[PDB]
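Q: Enclosed are the sequence and the experimentally obtained structure.
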Amino acid sequence: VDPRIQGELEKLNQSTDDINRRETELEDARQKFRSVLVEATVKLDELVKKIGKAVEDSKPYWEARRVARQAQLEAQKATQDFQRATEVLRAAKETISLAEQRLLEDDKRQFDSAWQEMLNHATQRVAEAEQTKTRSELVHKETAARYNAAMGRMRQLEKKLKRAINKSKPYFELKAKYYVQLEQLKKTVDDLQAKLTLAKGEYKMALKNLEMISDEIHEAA
């Protein structure tokens, strides 16, 4: 059946012509990635060759800053986890203290069937609430120490290398501007090719639809 195959032919023909774009749109994005990559390294080398001692001397400071960025997130999460651990023990103390007066000696005996049901639930949680609160608190002592200790090294190094630091700041930022640009080009290249794989994939599926259709026509009469 001449129409049966021509329906897959043009379905295959449109898919393979789309690939010719994708192969260029990838190669173009790939080459531009190469071009920015090589310019990034040569403009940064000239900046090192001028005055590059400041760069190596600044590395102990920037590492001491890298350590600090970590310790401050650790301290913040320990801060927020301690803020939660206090709020549970409080709600457990408020629940118990409020329920204590009503039930003790049963001077009031109102909803006395229901009050303990909340008090005993509270009684059980306090055992764990006090465990976990002391836990997060002690960890908060560790992290807040590590935090304000990592700052002390960075600050003292800032005093000890402030000259080298102020000269390497333009170097790191032109490196960062180029990085994020390269990061931008790296992202565009990576998904543009996977887009082609799904394009090539849908092309190869046509060659099987034809391998079967021609086989379906053949097994007729």
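A: In hand now; what should we look at? Numbers count the residues shown, from 1 in each chain.
Q: From residue 78, how far out is the closest residue to residue 202 other than its chain neighbours?
A: Ranked by CB to CB, 6 or more residues apart in numbering and with sequence neighbours excluded, the top spatial neighbour of residue 202 is residue 15, at 5.6 Å. The way it works is simple: take the backbone N, C-alpha and C, and place the C-beta from them, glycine included. Separation of residue 15 from residue 78 (CB to CB, to the nearest Å) stands at 55 Å.
Q: repeat for residue 203
A: 54 Å.
Q: try residue 32
A: Plainly put, residue 32 is 45 Å away from residue 78 if you go by CB to CB.
Q: From the neighbour counts alone, determine which of the two ranks first.
A: For residue 32 and residue 78, the more surrounded residue by other CB atoms under 10 Å is residue 78, and the numbers stand at 21 against 13.
Q: so that one sits right up against residue 143, yeah?
A: Yes - contact between residue 78 and residue 143 holds when scored by CB atoms under 8 Å: they sit 4.0 Å apart.
Q: Who's the closest spatial neighbour of residue 133, skipping the chain neighbours?
A: For residue 133, the closest residue by CB to CB, 6+ apart turns out to be residue 85, at 4.1 Å.
Q: For that neighbour, the count of nearby residues, please.
A: Using other CB under 10 Å, the number of residues around residue 85 comes to 21.
Q: counting contacts, what elements does the helix or strand hosting it pack onto?
A: Here residue 85 is covered by helix 53-103, with elements defined by DSSP states H and E. Using 3 or more CB pairs under 8 Å, 6 or more residues apart in numbering; DSSP states H and E as the contact test, the elements touching helix 53-103 are helix 112-160, helix 162-218.
Q: Identify whichever of those helices lies nearest to residue 54.
A: With CB to CB as the measure, helix 162-218 is the member of those nearest residue 54 (3.9 Å).
Q: what's the spacing between the closest one and its chain's center?
A: In terms of CA atoms, centre = their mean, to the nearest Å, the centre of helix 162-218 is found 19 Å from the chain centre.
Q: other SSEs contacting it?
A: The criterion is 3+ CB pairs under 8 Å, 6+ apart, and the helices and strands that helix 162-218 contacts are helix 2-50, helix 53-103.
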